[PDB]
Every structure is written in structure tokens, then in C-alpha cells.
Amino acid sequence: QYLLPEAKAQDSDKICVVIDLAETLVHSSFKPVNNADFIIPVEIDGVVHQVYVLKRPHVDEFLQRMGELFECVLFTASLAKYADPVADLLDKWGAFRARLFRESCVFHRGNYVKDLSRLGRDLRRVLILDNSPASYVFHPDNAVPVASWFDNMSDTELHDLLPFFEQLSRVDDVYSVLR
């Protein structure tokens, strides 16, 4: 059983992009943040704790355009109860066609690895966007590196990566670009 169902008609000819959440698109903290973008109540051992979420600059534009260009899949190492409510608030456009969480990762040598072979998509047409090189150790030639983001509001990395993804969305084989 693959991680994804069969691609829907509106997605099957597009490249599939696996997108990480934490430190890629947003940064979440248990420490109080003034002027947070979202605050999500998360229950741990029956006690509610407020999680403070900041959005990376240019993420709305980035997520909107990627949802058009690609079959977008949220693939996080975190548990659904962190990731789900954040995605709900973030994905205004139905960009994420599927959500995969901690259970879907392989724990390999102390790292959560996102194993692209389990997806059920032709790997010539799969990309991964993740701030942790560790998550794509099995598929390093499918990857578009992005720097870890915490709270730097001068960051332009999501914006500067768009022309590149614009190009990748049109190719037949991602490996002809990434090697």
C-alpha cells in the first residue's frame, strides 16, 4: 500500500512536491511570541499548551503558486495534532492535496526520513522541499534545499525559489535539472 492514493485527474500530469512544515514554511514554539500569526491549543498528556506559530515571509504567495504548479503534499515529521491545525490555517487555497505526518516517515539512524519511494509517484516527477537534508537522505537528487527559518523577517528564500520551481513544473524529468 503506497502512502498516496491514485492522483486525481487534475493532478496526475503534474510533478508531485513533498513540502515540509516546521522551519520550512513556518516556525512553531511553546515559548510565548508577541504578534504570532497563529496560536494553536495543543493537548499533551491531558494538559493544554499554547503553541505559537510564525509564518515565513512570502509563504502565502509561495503556497498559492505551488498549489497550481504541482500536486502538493504536506509531509511532516511531526504529529498530526501539531501539523493539521497549522495547515488548516495556512492553506487558504487547497494547495495541499494530501497530508502525511510522523507515522509515514522512516526512522533511520536517529533521523525522520521522508522516503519518496513509498509515495506511489514516478520519481522523475517528484520533488522534496525540506530544510533538513536528513529527511531526503534516500533521494538527494529529488531535493530543493531551503535554509531553516525561525523568525528572520528579512528572509526572501521562498520568494527567490519560485522562479526555480516555475522552471521545474514544466520539465519531464526532474533529474535532468537536479542530476
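In this text, residue numbers run from 1 along the sequence as written.
Trainee: I need to verify one thing: averaged over C-alpha atoms only, is the B-factor higher for 118 to 126 or for 41 to 49?
Mentor: Taking the mean C-alpha B-factor of 118 to 126 and of 41 to 49, the larger value falls to 41 to 49.
Trainee: Per the entry, where is the mean C-alpha temperature factor higher: 106 to 114 or 66 to 74?
Mentor: Mean C-alpha B-factor is greater for 106 to 114.
Trainee: How does residue 21 rank on Cα B-factor within its chain, lowest, middle or highest third?
Mentor: Lowest third - that is where residue 21 ends up once the chain's C-alpha B-factors are sorted.
Trainee: For residue 95, return the chain-relative third of its C-alpha B-factor as stated in the PDB record: lowest, middle or highest.
Mentor: Bottom third by C-alpha B-factor.
Trainee: Could you tell me which third, lowest, middle or highest, the C-alpha B-factor of residue 35 occupies within its chain?
Mentor: Tercile = middle for this residue's CA B-factor.
Trainee: Would you mind ranking residue 154 by its C-alpha B-factor against the rest of the chain and naming the third, lowest, middle or highest?
Mentor: According to the entry, residue 154 has a C-alpha B-factor in the chain's highest third.
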